[PDB]
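Each chain gets a letter, A, B and so on, in the order its sequence line appears, and its residues count up from 1.
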Amino acid sequence: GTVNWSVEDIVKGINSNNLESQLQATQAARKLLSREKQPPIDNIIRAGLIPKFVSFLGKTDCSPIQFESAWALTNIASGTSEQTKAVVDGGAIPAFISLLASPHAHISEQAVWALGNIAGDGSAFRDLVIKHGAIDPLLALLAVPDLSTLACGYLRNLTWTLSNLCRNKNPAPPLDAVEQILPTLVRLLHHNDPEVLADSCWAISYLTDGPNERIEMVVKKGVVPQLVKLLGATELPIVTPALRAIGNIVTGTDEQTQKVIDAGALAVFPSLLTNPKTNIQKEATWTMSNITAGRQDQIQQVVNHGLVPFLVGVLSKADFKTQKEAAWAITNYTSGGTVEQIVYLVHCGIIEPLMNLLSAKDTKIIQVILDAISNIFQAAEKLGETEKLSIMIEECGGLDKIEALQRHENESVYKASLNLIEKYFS
Amino acid sequence: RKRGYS
Amino acid sequence: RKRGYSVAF
């Protein structure tokens, strides 16, 4: 009936002065815009159908045409930025916000979905959706005693749309909008559905990706222990944003980093630092690097949790991106650590894998490793054990690598390598 | 992210 | 010595 209609036929039906013909043609457009291979979104836009679909959103007297036009517009808004813009330019934002209060759950959900696509386009459309007042009716749909009474798909779509209102930077979402959403986000983070948990974690990872003031807003809501719990989840779509959020929090103050340690996050790192997913190992090692960039008592917690052998491990063998982050973790540790802590790092076998990485064709990793060597030598100078370290670097073929770096293209590498040879290998 | 319906 | 996600990757 409404299957495989041409755009011309859809236009003829929508341009008729018959509500039922308009409904049948709108359903036909929805089905066209719903096909798996190449939906004709641009053809529907060029035919001038977006203003007609937006006017159909306001037809309270005909709920099926509201649903069909909301679905058609959701499919257009899910496309390119230009396609989303066409939906916004048609006046769809206030029309979709008005549909959030609809007595029909399938229409309200379609309006939630459409607004998530519009807000997800970027900062400007996210902030425009907020200015049109979407946050209050969206939050009202979740103002229930128990989230378990809501339909699964309905809750998943609401969580996803709220996460897009938390997403993007330059600028980050408005402070008052973040404050308004956060109590509902904390509640969704304690829900039992894995898709709700994944998207709630993604929302938290976006909000913590910024200055310390942004991290503070989140950490003050007491979510860090729940994030550490999710960091231990078996589902990879939950662990990925939970680790991103924890990794973002430890870029903050020493006090914000301490809340992550206090919640017991370091006990999860033996498995994260050996995770079969390279991106988990990489971001776990980045997280570790920001913790070793902290206080000496925080470096001590890394030691006590037996995580230094795990850092020796990732430095020895891992994908290059993880090895670069491991090099950073070692340089941060050696910069802020005590002599005893630096001595412990050498005893765990850090020298040989640190030297083997000097062969890498990446100027940044060479600079970072050369800095770590200098810091380890500075500790050895305080104990008068520089000779023991010089022999150790010579034996694993590290001397041949530093000597070769004296003729390197980079200025900082050339200067640092010449300094180490003149001070400890002459 | 953006998502299509069906 | 803290590095944000964009600084690291």
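When heavy atoms are compared at a cutoff of 4.5 Å, A/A77 approaches chain B solely by way of its backbone atoms N, CA, C and O.
In this view, A/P194 and A/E235, A/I238 satisfy the side-chain contact (heavy atoms from CB on, under 4.5 Å) rule, not counting sequence neighbours. In terms of the side-chain contact (heavy atoms from CB on, under 4.5 Å) criterion, A/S55 has no residue partners (sequence neighbours excluded). Partners of A/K277 by side-chain contact (heavy atoms from CB on, under 4.5 Å), not counting sequence neighbours, listed by chain and number: A/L236, A/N275, A/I280.
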Between chain A and chain B: donor-acceptor pairs at under 3.5 Å:
from: A/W71; atom 1: NE1; to: B/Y5; atom 2: O; distance (Å): 3.1
from: A/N75; atom 1: OD1; to: B/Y5; atom 2: N; distance (Å): 3.0
from: A/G79; atom 1: O; to: B/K2; atom 2: NZ; distance (Å): 3.2
from: A/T84; atom 1: OG1; to: B/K2; atom 2: NZ; distance (Å): 2.9
from: A/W113; atom 1: NE1; to: B/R3; atom 2: O; distance (Å): 2.9
from: A/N117; atom 1: OD1; to: B/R3; atom 2: N; distance (Å): 2.7
from: A/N117; atom 1: ND2; to: B/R3; atom 2: O; distance (Å): 3.1
from: A/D121; atom 1: OD1; to: B/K2; atom 2: NZ; distance (Å): 2.8
from: A/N164; atom 1: ND2; to: B/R1; atom 2: O; distance (Å): 3.0

